Each structure stands twice: as C-alpha cells, then as structure tokens.
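Here the sequence shown stands for residues 0 to 129, where the numbers follow the authors' numbering.
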Amino acid sequence: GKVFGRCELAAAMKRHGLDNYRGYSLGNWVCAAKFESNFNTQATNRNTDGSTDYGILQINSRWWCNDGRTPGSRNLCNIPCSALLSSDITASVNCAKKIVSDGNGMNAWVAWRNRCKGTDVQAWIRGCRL
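Here it is as structure tokens:
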C-alpha cells in the first residue's frame with residue numbers, strides 16, 4: 000500500500016504537470032486528495048448508485064474508470080479502476096487531467112468542493128520543496 004504525505008504528493012503532482020492545470024494551482028490538487036482520501040492510495044468508497052470512488056483522488060466508476068459493476072459506464076479515462084488504486088499516482092493524475100478537461104472542472108470532486116474550493120489552498124504545499 001501507500002499513504003502519501005502532503006509535500007510528497009505535491010512533488011509528484013508537480014512532476015506530472017498539475018500545477019495550474021486547466022486553471023487549478025497545485026494546492027487545489029493536493030487539497031482535493033487530502034479530503035477525498037486522506038492521501039490513501041487505496042481508499043475506496045462504494046456508493047448507493049452502484050458506482051465506486053477509487054484511489055487517492057476518489058475517481059468515480061460511472062463516467063471515468065471501468066470496474067465492470069457500475070451502470071452507465073463510459074470509461075472516459077479508458078482505464079480499469081484497479082489502476083487508480085496503485086501506489087504511484089501516474090494513472091490517477093492521467094485520469095484527473097481528463098476529468099478536469101471534460102466535466103465541470105474540479106467540481107467533479109465533492110471533497111474539493113466541500114473542503115478546498117475558495118480556501119487558502121497554497122497552505123497545502125507551503126514549505127514543500129518543489
């Protein structure tokens with residue numbers, strides 16, 4: 000398994016191009032992970048619509064990844080949901096980029112809305128070596 004720290008995740012997200020991606024500074028992305036999964040790469044939350052949210056960014060199996068159990072599957076990231084539970088974040092960042100570029104920005108992440116949107120998100124990467 001793996002549970003990230005905030006600066007460790009900030010660095011990884013920056014390496015893969017998330018700082019300012021589609022208008023969202025890096026702290027938004029770290030914040031989203033913090034409140035979606037508490038940085039736990041294997042976080043999984045099974046919902047009452049039959050979909051499941053997977054991994055550090057809690058990516059949902061209706062539109063974005065395939066778990067073979069979800070009604071209405073679009074698999075827009077063309078990715079097995081299993082890949083989004085990996086210890087390294089590449090597949091989640093790849094898919095997150097497509098999310099943010101093809102729905103409603105970071106509104107896709109309800110924890111981003113609830114705990115990050117409009118806050119001092121720079122705090123999440125403050126002091127991190129980037």
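Using N, Cα and C, we set each Cβ at its ideal position, and we do this for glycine too.
key: Extent of the continuous alpha helix (DSSP H) run through residue 114   = 109-114
message = Please return the same chain residues whose Cβ sits closer than 6 angstroms to the Cβ of residue 70, not counting the five positions on each side in sequence.
response = 49
inquiry  = Three or more C-beta pairs under 8 angstroms: does that hold for the region 43-59 against the region 91-105?
reply    = yes
message = Let's test the definition: count the other Cβ atoms within 10 Å of the Cβ of residue 47 and tell me whether it reaches 16, buried, or not, exposed.
response = exposed
message = Spatial neighbours of residue 62 within its chain, please: C-beta separation below 6 angstroms, excluding the five flanking residues on both sides.
response = 73, 75
request  = Counting only the same chain and skipping the five closest in sequence on each side, list residues whose C-beta sits under 8 angstroms from that of residue 64.
outcome  = Contacts found: 53, 58, 74, 76, 78, 79, 80, 82, 83, 94.
request  = Might you give, ordered along the chain, the residues of its own chain that have their beta carbon closer than 6 angstroms to the beta carbon of residue 42, omitting 5 neighbours on each side?
outcome  = 36
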